[PDB]
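Below is one structure; the comments refer to it alone.
Just so it is clear, none of the values below were taken in a lab; they were calculated from the coordinates. Every residue, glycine among them, receives a Cβ derived from its backbone with ideal geometry; neighbour counts consider all protein chains shown.
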Number of protein chains: 2
Amino acid sequence: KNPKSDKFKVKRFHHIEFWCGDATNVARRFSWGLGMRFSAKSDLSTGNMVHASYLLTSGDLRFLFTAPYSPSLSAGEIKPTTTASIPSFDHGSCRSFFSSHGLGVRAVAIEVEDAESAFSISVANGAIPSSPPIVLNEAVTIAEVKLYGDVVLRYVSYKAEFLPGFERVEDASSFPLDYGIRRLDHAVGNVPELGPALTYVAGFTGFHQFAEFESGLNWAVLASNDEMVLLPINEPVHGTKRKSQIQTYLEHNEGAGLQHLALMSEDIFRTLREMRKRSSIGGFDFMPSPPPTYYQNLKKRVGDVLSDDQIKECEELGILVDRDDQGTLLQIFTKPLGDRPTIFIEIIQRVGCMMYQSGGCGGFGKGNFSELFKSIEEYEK
Amino acid sequence: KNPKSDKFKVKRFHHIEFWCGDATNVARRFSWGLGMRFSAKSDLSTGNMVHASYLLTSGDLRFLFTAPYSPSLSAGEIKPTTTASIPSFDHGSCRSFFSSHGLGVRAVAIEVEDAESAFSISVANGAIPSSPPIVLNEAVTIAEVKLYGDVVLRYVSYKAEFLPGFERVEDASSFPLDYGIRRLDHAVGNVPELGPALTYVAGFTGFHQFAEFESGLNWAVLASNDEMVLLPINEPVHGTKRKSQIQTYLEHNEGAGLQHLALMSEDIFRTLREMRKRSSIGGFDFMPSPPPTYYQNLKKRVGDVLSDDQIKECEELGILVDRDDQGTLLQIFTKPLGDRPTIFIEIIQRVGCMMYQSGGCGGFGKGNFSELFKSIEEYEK
Ligand SMILES: C[Si](C)(C)CCOc1c(S(C)(=O)=O)ccc(C(=O)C2=C(O)CCCC2=O)c1Cl
Ligand SMILES: C[Si](C)(C)CCOc1c(S(C)(=O)=O)ccc(C(=O)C2=C(O)CCCC2=O)c1Cl
Ligand SMILES: [Co+2]
Ligand SMILES: [Co+2]
């Protein structure tokens, strides 16, 4: 059931902004590890005395990395005279965020028809305001409301190139890396209590619950009208034999925040070959692979969607597989992106639900919790 | 003249420690950009609830990257029960350092015969104490005194594998990168006033001034007895047409700190080929190359040390060349390592002064200030 109850018109995920201590080193690491091109900048070289922001792109996926300069560089500025390209930025907030949570996502940004309207309707419907709507160079409007923890949902709308005051980066400085990643599929938050978080977010967005099909968590997924903006939320379950990884997140993160970003690839096998080649030379590591029993058991569950070669090519790369009543999902998870066991990345590819592919085809891998358990015990014997 | 007036026995540069916001991303970036292997760790996986520290090595060069975890992870600890592997570490100091200066060097560490003695004699001779001598697992002694700004000179001595509580990293996780870098040649500080900084440091070390042979700086070099520990210090010169880059450093860094690290390569040409291949795929960028006139003028000044092929191979790579009355130096400079125009890296190779090669053979490139000026104007015509 899709009641299509969005309270304002939502388009697609627009970008994800990381708040960093040094944006240069995180951005260069991510570019190599994920195969994303440097495409725009806003920093001292573009007149920004407030923050350094570097934009990486791969297909429609946009990763923004932002860090504060010394406040002394802009101590004479006021908001009307600011040189910041992102008017919501605040030195204090950024330093406080990074010292509290370490490296992670500050903004989940979605493009909307009218960011001023989205903001007004959101806060009229219970959203906690974070940064009021601001029109940038009469062309782009940005607004922000609290999402969970210190993460904001950022609305961006365009009258008619990332943001004004960002410059396209020099072709010499911009190497065309590409490992097949194409867009953000979903963005997942961890919270102490799922109910109140769901009530808050669905309350001010009108996003509806996306239908699904002992592991220490409960979750639900909020979706926009066409189900292309997908926001799962996890809560821990206490008392289990193995401590809830959601609780471990909340402790190391100092509370609620973004748990993982799921990046759709147009060829997950090429992506995983390319990322795994770079794991030990500056890229990302991957979760330990499932046992061979998991891949032995894949014939019975998806033998009609994947060939024997494609299945064995999953086992080489550690890829996980799950299936809906509509489609099939291939997924794999990185180790944490930084020092703390908090944010990680998911690479996914969806098979089926062709009408274009409808959003969320195949689900989010719920069945793989039960299946991973079965396979580790089967394999032991 | 070398009066050999060290007040305690100094051996070699031991390591350089960067204070970071996220040590993982900086370390992985540096590993790829510089060709340094991951060789030791101290973090949550080794029982350290206080800080994440990752060690990169290339030859004798040791780069340590350290960031704080949430203080809540260790809130029940006291110094006698600490899980930190580096007892001088302090959450507050580290966060304050990084928020003030951004990414940069916290410790210049030299190995000495007796770190307790080095500390006592240092502070008896005017050194400002920073962290008292501590014996780690009855095997290694660490002590720290203020050097300049928020940079400490760290003494390490071994009774008889980096530090106790660090683990050798998994061979699978430890890819054997190597672009030819072999050891730290010198480490350079920028200060507002050269005189008082020199008086302080030479006062408590007994290091002597190393003999040398309109650009906005004055400098001098302090050296240990065998001149293998080399600590140049710069001060700005005000009033010049072009603003002193030393003054620009002090402003963006919020005061005194480490300006550059000079890394000796056993084959600067291989190093520069390897680093330049990676500049736009996650590595380091290099200063703009000098004009062809600089390389035309190299025949007259070093045509008896470098072949025509070797000279043209310098021009391909942007390498700079200078000469002492004893030896010849090849050098090149990276762009700043992080967001701020502060710390950068120098790659160097020294030719001559064979006895082993005596320290500082060829100098530090003083002649290249005058020569670069001459060459840009010559080239214009
Ligand atoms: C952190 Si973990 C030590 C890697 C153990 C969890 O990992 C998985 C696994 S699975 C079989 O690996 O356990 C499967 C799916 C997902 C996943 O994406 C996801 C959603 O997007 C929304 C619903 C909640 C959820 O879980 C995740 Cl996080
Ligand atoms: C920051 Si800059 C925009 C790259 C301009 C400076 O660069 C250079 C140049 S040179 C010809 O490039 O001007 C040559 C040598 C060195 C150098 O290493 C050095 C020492 O170790 C100790 C003495 C002081 C000193 O300067 C440097 Cl920093
Ligand atoms: Co997911
Ligand atoms: Co130098």
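Counting only other residues whose beta carbon sits under 13 Å from that of B:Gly126, what net charge do I get with K and R as +1, D and E as -1?
Charge balance in the 13 Å sphere: +2.
Which order do peptides B:366-372, A:221-227 fall in by mean Cβ count within 10 Å, highest first? Mind showing how you got there, number by number?
Values: B:366-372: 16.4, A:221-227: 20.6.
Highest-to-lowest ranking by the protection proxy: A:221-227, B:366-372.
Between the stretch A:201-275 and the stretch B:133-192, how many Å separate their Cα centres?
Result: 40 Å between the Cα centres.
Can you give the FRET efficiency to the nearest 0.05 for A:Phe175 and B:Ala211, using r as the Cβ-Cβ distance and R₀ = 60 Å? All intermediate terms of the calculation are to be shown ahead of the outcome.
Numbers: r = 44 Å, r/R0 = 0.74.
Efficiency, from the Cβ-Cβ distance: 0.85.
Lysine pairs in the stretch A:181-380 8 or more apart or on different chains: how many have alpha carbons under 22 angstrom apart?
Count of close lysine pairs: 16.
Mind checking B:64-74 for the average number of partner chain beta-carbons within 10 Å of each residue's beta-carbon? Walk me through the numbers before you get to the answer.
On the way: counts 0, 2, 1, 6, 3, 4, 9, 2, 3, 4, 0.
Mean shielding by partner chains, rounded to a whole number: 3.
Identify all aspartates and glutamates with a Cα-Cα distance to B:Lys9 below 14 Å; exclude those on the same chain that are fewer than 8 residues away in sequence.
Excluding near neighbours in sequence, the set is B:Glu111, B:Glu113, B:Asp114, B:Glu116, B:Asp226, B:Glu227.
For B:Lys11, give me every one of the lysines with a C-alpha distance below 17 angstrom, ignoring sequence neighbours fewer than eight places off in its own chain.
B:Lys159
Averaged across B:27-38, how many Cβ atoms of other chains sit within 10 Å of each residue's Cβ atom?
If you average over the peptide's residues, the count of other-chain Cβ atoms is 5.
So, in Å, what gap is there between the alpha-carbon centers of the stretch A:54-93 and the stretch A:306-381?
One Cα centre to the other: 36 Å.
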